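Peer 1: Handing you a structure now.
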Amino acid sequence: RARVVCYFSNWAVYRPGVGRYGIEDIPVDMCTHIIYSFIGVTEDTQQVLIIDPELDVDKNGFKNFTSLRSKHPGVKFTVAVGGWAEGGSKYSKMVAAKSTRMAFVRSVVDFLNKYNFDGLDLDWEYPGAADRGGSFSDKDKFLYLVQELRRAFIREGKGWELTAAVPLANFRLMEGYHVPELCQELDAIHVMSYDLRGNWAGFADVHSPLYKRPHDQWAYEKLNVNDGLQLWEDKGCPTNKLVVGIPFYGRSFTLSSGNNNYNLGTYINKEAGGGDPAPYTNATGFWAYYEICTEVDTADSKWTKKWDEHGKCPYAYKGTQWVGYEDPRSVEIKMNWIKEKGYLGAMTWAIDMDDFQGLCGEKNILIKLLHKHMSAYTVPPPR
Ligand SMILES: N[C@@H]1[C@@H](O)[C@H](O[C@@H]2O[C@H](CO)[C@@H](O[C@@H]3O[C@H](CO)[C@@H](O[C@@H]4O[C@H](CO)[C@@H](O[C@@H]5O[C@H](CO)[C@@H](O)[C@H](O)[C@H]5N)[C@H](O)[C@H]4N)[C@H](O)[C@H]3N)[C@H](O)[C@H]2N)[C@@H](CO)O[C@H]1O
Ligand SMILES: *[C@@H]1O[C@H](CO)[C@@H](O)[C@H](O)[C@H]1NC(C)=O
Ligand SMILES: *[C@@H]1O[C@H](CO)[C@@H](O)[C@H](O)[C@H]1NC(C)=O
Numbered sequence: 006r007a008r009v010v011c012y013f014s015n016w017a018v019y020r021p022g023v024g025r026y027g028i029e030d031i032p033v034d035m036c037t038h039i040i041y042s043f044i045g046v047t048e049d050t051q052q053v054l055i056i057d058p059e060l061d062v063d064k065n066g067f068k069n070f071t072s073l074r075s076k077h078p079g080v081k082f083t084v085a086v087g088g089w090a091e092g093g094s095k096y097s098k099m100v101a102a103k104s105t106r107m108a109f110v111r112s113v114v115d116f117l118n119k120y121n122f123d124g125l126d127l128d129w130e131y132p133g134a135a136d137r138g139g140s141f142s143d144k145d146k147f148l149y150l151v152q153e154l155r156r157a158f159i160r161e162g163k164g165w166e167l168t169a170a171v172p173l174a175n176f177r178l179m180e181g182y183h184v185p186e187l188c189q190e191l192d193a194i195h196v197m198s199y200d201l202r203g204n205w206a207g208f209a210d211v212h213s214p215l216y217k218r219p220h221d222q223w224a225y226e227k228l229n230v231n232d233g234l235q236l237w238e239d240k241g242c243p244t245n246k247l248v249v250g251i252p253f254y255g256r257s258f259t260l261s262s263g264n265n266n267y268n269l270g271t272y273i274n275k276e277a278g279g280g281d282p283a284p285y286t287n288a289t290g291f292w293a294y295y296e297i298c299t300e301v302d303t304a305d306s307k308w309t310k311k312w313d314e315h316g317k318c319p320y321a322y323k324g325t326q327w328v329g330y331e332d333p334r335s336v337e338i339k340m341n342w343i344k345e346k347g348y349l350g351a352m353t354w355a356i357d358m359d360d361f362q363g364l365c366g367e368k369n370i371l372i373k374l375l376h377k378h379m380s381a382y383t384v385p386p387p388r
């Protein structure tokens with residue numbers, strides 16, 4: 006009764022060579038809930054924005070995805086609205102008034118019917134965030150949107166789910182999330198327990214540490230998966246609504262010139278923007294799990310791999326390049342910890358970055374760990 010929630014990226018199909026990952030590559034039976042990412046919202050009319058219509062509509066991407074339910078009827082196929090690239094200002098604007106929320110709600114309902122989705126995942130990043138076009142009143146108005154969506158979904162009578170992807174930093178919670186009320190209205194809270202460290206922070210570190218490290222201070226002190234999930238609990242979310250995100254990717258850095266200290270917390274060349282882009286994701290500071298294992302785990306690798314003994318994550322470096330990520334050891338630690346805490350399950354950003362080709366070993370190695378642990382686990386009553 007645990008969830009394995011798999012975000013699926015519609016842009017992964019454009020990655021070259023063995024990076025290409027399409028609907029047909031999703032290992033459906035390893036997931037309980039699969040979320041097509043992303044649709045957005047229009048700036049002017051508060052309607053659903055289809056972001057890649059040639060793929061999503063003309064080549065039937067949405068429908069190919071939802072019709073996977075024919076062969077896998079026990080799995081739920083939903084769509085996520087928002088995402089980082091969408092920005093937050095259009096969402097803050099959409100929720101500002103009852104009339105614009107109801108326009109979006111009607112548009113969402115038509116869209117879910119049209120493409121036979123099982124519901125919607127809200128991924129506005131983030132209500133209340135001044136750095137993302139948000140403002141103080143988003144906290145109330147995001148909750149109104151959620152309540153209004155739930156009521157529309159009820160009226161539609163198809164039992165659609167409504168979930169949200171959420172951050173775990175206290176200040177973000179305070180600025181954007183009425184926790185008890187959101188947790189009551191939503192079927193699952195997909196906690197983004199990753200991107201907790203990265204080039205933006207000005208030092209090298211793993212991005213999904215499970216527990217506090219000695220160098221963690223001030224805003225970073227509780228910015229780890231264990232304390233962040235504990236914060237959601239403390240703020241009133243039941244244990245059996247919280248799903249813990251696991252990144253199938255690393256945050257990388259270019260170290261500062263002449264820097265021979267590779268320890269956690271070491272200074273970086275921040276203007277580099279992150280580690281050099283890898284060949285398939287081609288994004289500074291960001292490497293898919295399969296881009297990491299093909300470099301770090303080969304027999305003749307010149308990478309040095311280390312282990313964060315407190316955060317329970319691997320990191321690896323070579324020359325000026327340094328990357329923190331998740332590997333089978335760290336993911337297994339997190340699966341055991343999820344079961345120890347009694348949370349609703351595990352989530353991944355994103356299924357298209359697992360080693361789905363078996364370039365390094367067994368295919369789909371990371372999602373198989375989520376599936377192995379969660380499928381044998383019974384979620385206990387709320388704590
Ligand atoms: N919820 C949080 C997530 O949002 C977050 O992960 C991020 O999500 C965002 C979306 O919100 C991702 O943004 C997408 O990034 C894509 C890849 O960079 C962009 O697509 C590409 O854009 C390129 C420019 O046009 C194109 O590059 C070309 O490639 C060609 C192949 O045809 C090549 O021939 C050519 O020479 C190139 N021009 C490419 O075609 C195209 N697909 C997309 O626009 C963009 N919006 C972001 O990547 C992702 N990291 C997550 C992690 O932070 O946390 C989440 O949970
Ligand atoms: C949808 O499936 C059809 C039939 O296999 C295929 O031709 C098309 O490429 C698929 N579209 C996408 C976006 O995966
Ligand atoms: C990789 O992204 C870089 C930097 O954005 C861009 O200049 C280039 O066109 C991309 N290369 C490929 C192969 O997509």
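For the sequence shown, mature numbering (1 follows the signal peptide of the UniProt record, and there is no 0) gives the first residue as 6, with consecutive numbering after it.
Think of the CB as a built atom: it goes at the ideal place given N, C-alpha and C, for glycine as much as any other residue.
Within 8 Å (strictly less), CB to CB, does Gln52 reach chain D?
Peer 2: No chain D appears in this structure, which consists of one protein chain only.
Peer 1: Between the segment 218-233 and the segment 277-288, do at least 3 Cβ pairs fall closer than 8 Å?
Peer 2: Not touching, per the Cβ criterion.
Peer 1: Rounded to the nearest angstrom, what separates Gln235 and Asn245 at their Cα positions?
Peer 2: If I take the Cα positions, the gap works out to 13 Å.
Peer 1: Leaving out five residues on either side along the sequence, give the residues of the same chain with a beta carbon under 7 Å from the beta carbon of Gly93.
Peer 2: Contacts found: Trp129, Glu130, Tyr131, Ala134, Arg137, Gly138, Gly139.
Peer 1: Which whole runs of the beta strand (DSSP E) in the segment 70-142 are 3 residues long or more, in chain order?
Peer 2: Correct list: 81-87, 124-128.
Peer 1: Could you check what DSSP says for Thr299 in three-state terms: helix, strand or coil?
Peer 2: Looking at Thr299 - three-state DSSP - the assignment turns out to be helix.
Peer 1: Can you list, in chain order, the residues of its chain whose CB lies under 6 Å from that of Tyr12, leaving out five sequence neighbours each side?
Peer 2: Taken in chain order, the residues that qualify are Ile40, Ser42, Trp354, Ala355.
Peer 1: Given that a residue counts as buried once 16 or more other Cβ atoms are within 10 Å of its Cβ, and exposed if not, what is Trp237?
Peer 2: Classification for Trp237: buried.
Peer 1: Relative to the C-alpha of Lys240, which residue among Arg177, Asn268, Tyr199 is closest?
Peer 2: Cα-wise, what sits closest to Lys240 is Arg177.
Peer 1: For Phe141, is the classification buried or exposed, using 16 other Cβ atoms within 10 angstroms of its Cβ as the cut-off for buried?
Peer 2: Per the 10 Å Cβ criterion, exposed.
Peer 1: So for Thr309, helix, strand or coil by DSSP?
Peer 2: Note: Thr309 maps to strand in three-state DSSP.
Peer 1: Between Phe253 and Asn204, which are expected to be in contact by the criterion C-beta below 8 Å, what is the C-beta distance as a whole number of angstroms?
Peer 2: Going by Cβ atoms, the distance from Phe253 to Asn204 rounds to 19 Å, so no, they are not a contact pair.
Peer 1: CA-CA distance, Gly164 and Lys119?
Peer 2: Straight-line Cα distance between these residues: approximately 16 Å.
Peer 1: Exposed or buried, which one is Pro58 when buried takes at least 16 other CB atoms within 10 Å?
Peer 2: By the 10 Å Cβ count, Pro58 comes out exposed.
Peer 1: Report yes if the C-beta of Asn204 is less than 7 Å from at least one heavy atom of ligand 3; otherwise report no.
Peer 2: No - ligand 3 has no heavy atom lying nearer than 7 Å to the Cβ of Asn204.
Peer 1: Determine which residues share a DSSP beta bridge with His195 and list them.
Peer 2: Its beta-bridge partners are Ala170, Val248.
Peer 1: Roughly how many whole angstroms lie between the Cα atoms of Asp210 and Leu125?
Peer 2: Cα to Cα, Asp210 sits roughly 33 Å from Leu125.
Peer 1: Under three-state DSSP, which class holds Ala304?
Peer 2: Coil, per DSSP.
Peer 1: At which residue ranges does the segment 181-235 contain complete alpha helix (DSSP H) runs of 4 or more residues, listed in the order of the chain?
Peer 2: The segment 181-235 contains these whole alpha helix (DSSP H) runs: 184-190.
Peer 1: Between the alpha carbons of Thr83 and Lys217, how many angstroms are there, rounded?
Peer 2: Taking the straight line from one Cα to the other gives about 34 Å.
Peer 1: With contact counted as at least three CB pairs below 8 Å, one residue from each stretch, are the segment 368-385 and the segment 333-351 in contact?
Peer 2: Yes: the two stretches touch, three or more of their Cβ pairs being nearer than 8 Å.
Peer 1: Nearest by alpha-carbon distance to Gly88: which of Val23, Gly162, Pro172 is it?
Peer 2: Per the Cα distances, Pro172.
Peer 1: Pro58: beta carbon under 7 Å from a heavy atom of ligand 3?
Peer 2: No; taking the cut-off as 7 Å, the Cβ of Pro58 has no heavy atom of ligand 3 nearer than that.
Peer 1: Would you mind listing the beta strand (DSSP E) stretches within the segment 323-381 that are 3+ residues and don't spill past its ends, in chain order?
Peer 2: List check, beta strand (DSSP E) in window: 326-329, 350-354.
Peer 1: Hey, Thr105 and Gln52 are a contact pair by Cβ (cut 8 Å); roughly how many whole angstroms apart?
Peer 2: Wrong, their Cβ atoms sit about 10 Å apart, outside the cutoff.
Peer 1: For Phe253, verify whether its CB is less than 7 Å away from any heavy atom of ligand 1.
Peer 2: No.
Peer 1: Take the Cβ of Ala293 as the centre, count every other Cβ of all protein chains shown within 10 Å, and call the residue buried at 16 or more, exposed below.
Peer 2: So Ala293 counts as buried.
Peer 1: Under the criterion of a Cβ to heavy atom distance below 7 Å, does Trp89 qualify as lining ligand 1?
Peer 2: Yes, Cβ of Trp89 sits closer than 7 Å to a heavy atom of ligand 1.
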